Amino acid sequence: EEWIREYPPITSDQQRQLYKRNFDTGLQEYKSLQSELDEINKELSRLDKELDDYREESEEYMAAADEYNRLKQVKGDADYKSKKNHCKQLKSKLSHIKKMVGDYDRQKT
């Protein structure tokens, strides 16, 4: 919900190429953000497996639980959540630019 005023339907090859460059720049940021947000989920996933593995009374289990809770906290704080929101914004914009480019290319084909 919307990007058309910044990136309206294309009317020239040069405007198309400009959109592609902007798309490539945004895609890189999108991917970097995906990886960054994913570092916590992968770690939480491995911690989940460790909780399944260790005896509930062990120090190992307590250590896993503390870390899992630490990460859950980070995942819920402002930095993480805004990064996530930013990632969604970028995804939406990227999807829109890809559509404008595809539409333009389609009518020349």
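Numbering starts at 1 and runs along the sequence shown.
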52-60 set against 26-34, stretch whose average Cα temperature factor tops the other in the entry: 52-60
Residue range whose averaged C-alpha B-factor is higher in the record, 36-44 or 63-71: 36-44
Position of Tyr104 among the chain's modelled residues by C-alpha B-factor, lowest, middle or highest third: lowest
CA B-factor ranking of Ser12, expressed as a third of its chain: lowest
Modelled-residue ranking by C-alpha temperature factor, third containing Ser95: lowest
